[PDB]
Amino acid sequence: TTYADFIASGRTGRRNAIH
Amino acid sequence: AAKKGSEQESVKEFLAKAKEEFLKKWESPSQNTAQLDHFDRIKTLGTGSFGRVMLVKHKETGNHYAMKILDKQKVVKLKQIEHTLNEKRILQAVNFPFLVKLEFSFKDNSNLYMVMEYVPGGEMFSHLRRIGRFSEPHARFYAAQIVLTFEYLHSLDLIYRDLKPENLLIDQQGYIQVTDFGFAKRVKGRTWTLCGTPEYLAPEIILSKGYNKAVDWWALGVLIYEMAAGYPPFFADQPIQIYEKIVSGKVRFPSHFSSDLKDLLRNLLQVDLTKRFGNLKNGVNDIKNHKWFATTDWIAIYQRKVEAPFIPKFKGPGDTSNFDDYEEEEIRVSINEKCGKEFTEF
Ligand SMILES: Nc1nccc2c(S(=O)(=O)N3CCCNCC3)cccc12
C-alpha cells in the first residue's frame with residue numbers, strides 16, 4: 001500500500017528545508 | 001468564484017486596513033525590546049539549522065514564550081543573512097489570528113533572539129503522524145485557516161515559502177498558528193531563490209524559473225493532500241526522485257478521497273501556472289468558492305467560533321508534553337561582537 005511504502009521510507013520524520 | 005458582492009467588498013476593506021497597519025510597522029520596525037536575562041530558559045521545543053526554539057518564562061510577568069535562537073555566524077555561513085532580516089522584519093509587522101505573535105526581539109554578541117507566544121499544543125506534524133491521517137472535515141478546518149492566512153499575507157505582497165505540518169502549531173483552542181517565517185519575503189515582482197522543503201516545492205522552483213505567490217497555493221495542495229492521505233503526494237528517499245515526481249505532471253489520489261477533494265487538488269497541484277487555483281483572475285476566490293469548501297463559514301473560522309476537531313491535552317502552564325525531547329545545549333555568548341554590521345537592523 002502507498003501508506004506502507006511511506007511509513008517504511010526515510011521521509012516520515014521532520015523534514016529540513018533546502019536552499 | 002467571479003462574483004464580487006458585499007462579502008467580497010468587506011474582505012477588500014478589511015485587507016486595506018490590515019495593509020495600512022502592516023506598512024507602518026514594516027517601515028518602522030521594533031528593535032531591542034528585551035534582553036536575555038529577562039527570561040528563564042526551561043526546555044528545547046525544536047531545533048533548526050541556525051539554533052533552537054526554547055520554552056522560556058518571562059520573569060517580570062510569568063508568561064511563557066517560545067524563544068527562537070539563531071547563531072549569527074551560522075546564519076552567515078548558510079548565506080541566510082537577508083532571509084533572517086526578512087523573517088524578523090515581517091514577523092514584527094504582521095497581525096492575524098493564525099500567525100504566531102512576536103512579543104520581543106533582541107540580539108547579543110553571538111545570537112539573534114525572537115520571542116514568540118508559546119503555542120502549547122505542539123506541531124501539526126506530530127498529531128498527523130500519530131493519528132495517520134485527518135478526516136476530510138478536519139483537514140478542511142485546518143486548510144481554511146491557511147487559505148485565509150495566505151489571503152492576508154499575499155495581500156501585503158508577502159510570500160511564505162515553507163508551508164508544511166512541521167511549521168503549523170496547534171493552540172489551546174485547536175486552531176493553527178503558523179511559525180517559521182525564515183523564507184518569507186516581501187516582493188512585488190517575481191523572485192528566484194531556491195528555498196523551501198522538497199516535498200512542498202512547486203515545479204517552477206525546481207526548474208529555476210522566476211516564481212511568485214502561486215508557489216504557496218501549490219504548497220497548500222501538498223498540505224491538504226498530506227493531511228487527508230497521511231502521506232504527501234510526492235515522496236521518495238532521495239530528494240532528486242521527489243523532484244522528478246513533482247515536475248512530471250502526474251499525481252495519484254487515495255481511494256477514499258472524495259470527488260470534490262480530488263478536483264480541488266488537481267487545480268492546486270497544477271504544474272501550468274495559467275491554470276493553477278489561486279493564480280487565476282478570481283485569485284483566492286477560486287479556492288474559497290470550490291465545492292470542497294461549500295460548508296466553510298470563512299468569517300466563523302476567522303473569529304475562531306467553529307468547533308475544532310480536537311483540543312490538545314494540557315497538563316498545566318509550561319507543560320511540553322505535546323513536543324518531542326531534544327538534546328539541550330548551553331547558550332554561549334561570546335565576549336566579542338560577531339557579525340555586527342550584517343545584522344545591524346535586527
Ligand atoms: N510559538 C511557538 N510555540 C511553540 C513552539 C514553537 C516552535 S517549535 O519549536 O515547535 N518549532 C521548531 C522546529 C522548526 N519547525 C517549527 C516548529 C517554533 C516557533 C515558535 C513556537
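Side-chain atoms are counted along with the backbone in the values below, which use heavy atoms only and exclude waters and symmetry mates. Here is how names work: the chains are called A, B, and so on, in the same order as the sequence lines, proteins then strands, and each is numbered from 1.
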Asks: Give a yes or no on whether a salt bridge exists between B:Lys72 and B:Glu342, defined as a side-chain N under 4.0 angstrom from a carboxylate O.
Replies: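 No, B:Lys72 and B:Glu342 are not salt-bridged.
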
Asks: Which value, rounded to the nearest 0.5 Å, describes the distance between B:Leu36 atom CG and B:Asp40 atom CG?
Replies: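 Spacing of CG (B:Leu36) from CG (B:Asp40) equals 10.0 Å.
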
Asks: Would you sort out whether B:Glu117 and B:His64 count as a side chain to side chain contact (heavy atoms under 4.5 Å, CB included), showing the intermediate values?
Replies: CA-CA 7 Å; B:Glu117 177 177 316; B:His64 287 89; over 6 Å; no

Asks: Checking salt bridge (charged side-chain N to carboxylate O under 4.0 Å, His left out) for the pair B:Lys43/B:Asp325: CA distance, chi angles, key distance, verdict?
Replies: CA-CA 9 Å; B:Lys43 194 175 189 301; B:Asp325 300 319; 2.7 Å; yes

Asks: So, do B:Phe141 and B:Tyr175 have ring centers that fall under 6.0 Å from each other?
Replies: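 Yes: the rings meet the under 6.0 Å criterion.
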
Asks: If you compare all heavy atoms of B:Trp298 against all heavy atoms of B:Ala144, which two are closest, and at what distance to 0.1 Å?
Replies: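 Scanning both residues, the minimum pair turns out to be CZ3-O, 3.4 Å.
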
Asks: Relative to the ring of B:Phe22, is the ring of B:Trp26 parallel (under 30°), tilted (30 to 60°) or perpendicular (over 60°)?
Replies: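 B:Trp26 and B:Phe22: parallel rings.
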
Asks: With a 6.0 Å cut-off on ring centres, are B:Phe104 and B:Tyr65 close enough?
Replies: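 Yes; B:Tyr65 has its ring centre under 6.0 Å from that of B:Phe104.
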
Asks: To check you understand the geometry: which heavy-atom pair defines the closest contact between B:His256 and B:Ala228, and what is its length?
Replies: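 Heavy-atom minimum between the residues: CE1-O, 3.2 Å.
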
Asks: What is the distance from atom NZ of B:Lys288 to atom CG of B:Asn282, rounded to the nearest 0.5 Å?
Replies: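 Atom-to-atom, B:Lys288:NZ and B:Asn282:CG are 12.5 Å apart.
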
Asks: For the residue pair B:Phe253 and B:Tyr225, does the interplanar ring angle fall in the parallel (under 30°), tilted (30 to 60°) or perpendicular (over 60°) class?
Replies: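 Taking B:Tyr225 first and then B:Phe253, their aromatic rings sit tilted (interplane angle of 30° to 60°).
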
Asks: Could you tell me the separation between the CG atom of B:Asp297 and the CD atom of B:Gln303, rounded to the nearest 0.5 Å?
Replies: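 Between B:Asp297 CG and B:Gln303 CD, I get 8.0 Å after rounding to 0.5 Å.
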
Asks: Rounded at 0.5 Å granularity, tell me how far CG in B:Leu158 sits from NZ in B:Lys213.
Replies: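 Here the rounded value is 12.0 Å.
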
Asks: Looking at every heavy atom in both B:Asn109 and B:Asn336, which two are closest together, and how far apart are they?
Replies: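 In this case the closest contact between B:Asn109 and B:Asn336 is CB-O, 3.3 Å.
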
Asks: Of the non-hydrogen atoms in B:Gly249 and B:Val271, which two are nearest, and what is the gap between them?
Replies: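 Answer, listing the atom of B:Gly249 first, then B:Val271: CA-CG1, 3.9 Å.
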
Asks: Less than 4.5 Å apart, any side-chain heavy atom of B:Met116 and any of B:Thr179?
Replies: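 Counting from C-beta outward, B:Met116 and B:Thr179 do come under 4.5 Å.
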
Asks: Can you confirm whether the side chains of B:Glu136 and B:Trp292 place a donor and an acceptor under 3.5 Å from each other?
Replies: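 Yes, a side-chain donor-acceptor pair sits under 3.5 Å.
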
Asks: Does one side chain, of B:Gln92 or B:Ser105, offer a donor that lies under 3.5 Å from an acceptor on the other?
Replies: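 There is no such pair (donor and acceptor under 3.5 Å, judged by atom type) between the side chains of B:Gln92 and B:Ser105.
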
Asks: When you measure from the side chain of B:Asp286 to the backbone of B:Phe277, do you find a donor-acceptor pair of N or O atoms at a distance under 3.5 Å?
Replies: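 Not confirmed, B:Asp286 side chain does not pair with B:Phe277 backbone.
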
Asks: Using modelled atom types and a 3.5 Å cut-off, is there a donor and acceptor pairing between side-chain atoms of B:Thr44 and backbone atoms of B:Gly46?
Replies: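 Not at all, since once roles are kept as given, no pair shorter than 3.5 Å links the two residues.
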
Asks: Dump the intermediate steps for side chain to side chain contact (heavy atoms under 4.5 Å, CB included) on B:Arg266 and B:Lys262, then the final yes or no.
Replies: CA-CA 6 Å; B:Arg266 288 190 191 100; B:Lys262 294 185 287 187; 3.7 Å; yes

Asks: Quick one: pull up OG1 in B:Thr149 and CG in B:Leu220 and give me the separation to the nearest 0.5 Å.
Replies: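 If we round to the nearest 0.5 Å, B:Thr149:OG1 and B:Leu220:CG are 10.5 Å apart.
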
Asks: Evaluate the criterion side chain to side chain contact (heavy atoms under 4.5 Å, CB included) for residue pair B:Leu168 and B:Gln177; output intermediate values, then yes/no.
Replies: CA-CA 6 Å; B:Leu168 305 175; B:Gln177 299 205 29; over 6 Å; no

Asks: Flag the pair B:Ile176 / B:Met124 as yes when at least one side-chain heavy-atom distance between them is below 4.5 Å, and no otherwise.
Replies: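 Yes, at least one pair of side-chain atoms sits under 4.5 Å.
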
Asks: Determine yes or no for a side-chain-to-main-chain donor-acceptor pair under 3.5 angstrom, with B:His127 supplying the side chain and B:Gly121 the backbone.
Replies: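 Yes, the answer is positive, given that a donor and an acceptor are paired below the 3.5 Å cut-off.
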
Asks: What are the two closest non-hydrogen atoms of B:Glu345 and B:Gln31, and how far apart are they?
Replies: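 Nearest pair, atom of B:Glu345 first, then B:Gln31: O-NE2, 2.9 Å.
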
Asks: Using modelled atom types and a 3.5 Å cut-off, is there a donor and acceptor pairing between side-chain atoms of B:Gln270 and backbone atoms of B:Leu268?
Replies: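 Not confirmed, B:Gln270 side chain does not pair with B:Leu268 backbone.
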
Asks: So that I can tick it off, tell me whether B:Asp180 and B:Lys164 are bridged by a salt bridge, with the cut-off set at under 4.0 angstrom between side-chain N and carboxylate O.
Replies: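 No salt bridge links B:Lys164 with B:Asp180.
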
Asks: Where does the angle between the aromatic ring planes of B:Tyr231 and A:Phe6 fall among parallel (under 30°), tilted (30 to 60°) and perpendicular (over 60°)?
Replies: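 Plane angle between 30° and 60°, so tilted.
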
Asks: Within 45 degrees of the axis of the six-membered ring of B:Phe346 and under 6.0 Å from its centre: does B:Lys88 put its NZ or CZ there?
Replies: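 Yes, B:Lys88 lies over the aromatic ring of B:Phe346.
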
Asks: Do B:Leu15 and B:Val11 touch side chain to side chain, with heavy atoms closer than 4.5 Å?
Replies: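 Yes, at least one pair of side-chain atoms sits under 4.5 Å.
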
Asks: Can you list the steps and then say if B:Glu226 with B:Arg129 is a salt bridge (charged side-chain N to carboxylate O under 4.0 Å, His left out)?
Replies: CA-CA 10 Å; B:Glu226 186 177 324; B:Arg129 290 287 180 277; 2.9 Å; yes

Asks: Knowing that exactly one of B:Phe96, B:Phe98, B:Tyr302, B:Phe14 qualifies, which makes a ring pair (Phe, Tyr, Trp, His ring centres under 6.0 Å) with B:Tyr152?
Replies: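 The residue from B:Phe96, B:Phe98, B:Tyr302, B:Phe14 that satisfies ring pair (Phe, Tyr, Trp, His ring centres under 6.0 Å) with B:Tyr152 turns out to be B:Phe96.
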
Asks: When you compare the side chain of B:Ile159 with that of B:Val215, does any pair of heavy atoms fall below 4.5 Å?
Replies: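 Touching, per the 4.5 Å side-chain cut-off.
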
Asks: Can B:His154 and B:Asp216 be counted as having a side-chain donor-acceptor contact under 3.5 angstrom?
Replies: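 Yes, B:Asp216 and B:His154 have a side-chain donor paired with an acceptor closer than 3.5 Å.
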
Asks: Could you pull out the closest heavy-atom pair between B:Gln172 and B:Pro120, with the gap in Å?
Replies: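 Closest heavy-atom pair between B:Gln172 and B:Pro120: OE1-CG, 3.6 Å.
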
Asks: Donor-acceptor pair, B:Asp157 side chain versus B:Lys188 backbone, under 3.5 Å?
Replies: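 The answer is no, because no donor-acceptor pair under 3.5 Å joins these two groups.
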
Asks: Compare all side-chain heavy atoms of B:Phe323 with those of B:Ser126 and state whether any distance is below 4.5 angstrom.
Replies: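 With C-beta onward as the side chain, the pair stays apart.
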
Asks: From B:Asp37 CG over to B:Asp108 CG, what is the distance, rounded to the nearest 0.5 angstrom?
Replies: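 If I round to the nearest 0.5 Å, the distance is 11.0 Å.
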
Asks: Of B:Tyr200, B:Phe183, B:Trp217, B:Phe181, which meets ring pair (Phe, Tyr, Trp, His ring centres under 6.0 Å) against B:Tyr160?
Replies: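 Single ring pair (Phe, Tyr, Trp, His ring centres under 6.0 Å) partner of B:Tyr160 among B:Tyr200, B:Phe183, B:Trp217, B:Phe181: B:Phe181.
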
Asks: Could you tell me whether B:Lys68 and B:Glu87 make a salt bridge, using a distance below 4.0 angstrom between a side-chain N and a carboxylate O?
Replies: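 Answer for the salt bridge query: yes.
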
Asks: Does any N or O in the side chain of B:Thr191 come within less than 3.5 Å of the main-chain N or O of B:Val187, such that one atom is a donor and the other an acceptor?
Replies: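 Here the side-chain-to-backbone pair does not exist.
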
Asks: Assess whether side chain to side chain contact (heavy atoms under 4.5 Å, CB included) is satisfied between A:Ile18 and B:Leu194, documenting all intermediate values.
Replies: CA-CA 8 Å; A:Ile18 58 92; B:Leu194 176 60; 3.7 Å; yes

Asks: So do B:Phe343 and B:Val75 actually touch side chain to side chain, heavy atoms under 4.5 Å?
Replies: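 Yes, their side chains come closer than 4.5 Å.
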
Asks: Check the side chains of B:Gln73 and B:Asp71 for a donor-acceptor pair under 3.5 angstrom, ignoring hydrogens and angles.
Replies: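 No, B:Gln73 and B:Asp71 have no side-chain donor paired with an acceptor closer than 3.5 Å.
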
Asks: Could you tell me whether the side chain of B:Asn279 and the main chain of B:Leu273 form a donor-acceptor pair under 3.5 Å?
Replies: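 Yes, B:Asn279 side chain to B:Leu273 backbone: donor-acceptor pair under 3.5 Å.
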
Asks: Starting from the C-alpha separation in whole Å, work towards a yes-or-no answer on salt bridge (charged side-chain N to carboxylate O under 4.0 Å, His left out) for B:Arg140 and B:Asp260.
Replies: CA-CA 12 Å; B:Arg140 176 178 298 119; B:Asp260 287 349; over 6 Å; no

Asks: Could you give me the CA-CA distance, side-chain angles and deciding distance for B:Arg276 and B:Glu204, then say whether salt bridge (charged side-chain N to carboxylate O under 4.0 Å, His left out) is met?
Replies: CA-CA 12 Å; B:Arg276 186 179 310 155; B:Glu204 59 265 29; 2.8 Å; yes

Asks: Give a yes-or-no answer on whether the side chains of B:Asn111 and B:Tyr113 include a donor-acceptor pair shorter than 3.5 Å.
Replies: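 Side-chain D/A pair, B:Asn111 to B:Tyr113: present.
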
Asks: Regarding A:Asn16 and B:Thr197, do their side chains bring together a donor and an acceptor under 3.5 Å, going by distance alone?
Replies: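 Looking only at side-chain atoms, B:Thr197 and A:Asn16 do not form any donor-acceptor pair under 3.5 Å.
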
Asks: Check the side chains of B:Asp319 and B:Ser321 for a donor-acceptor pair under 3.5 angstrom, ignoring hydrogens and angles.
Replies: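 B:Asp319 and B:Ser321 do have a side-chain donor-acceptor pair below 3.5 Å.
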
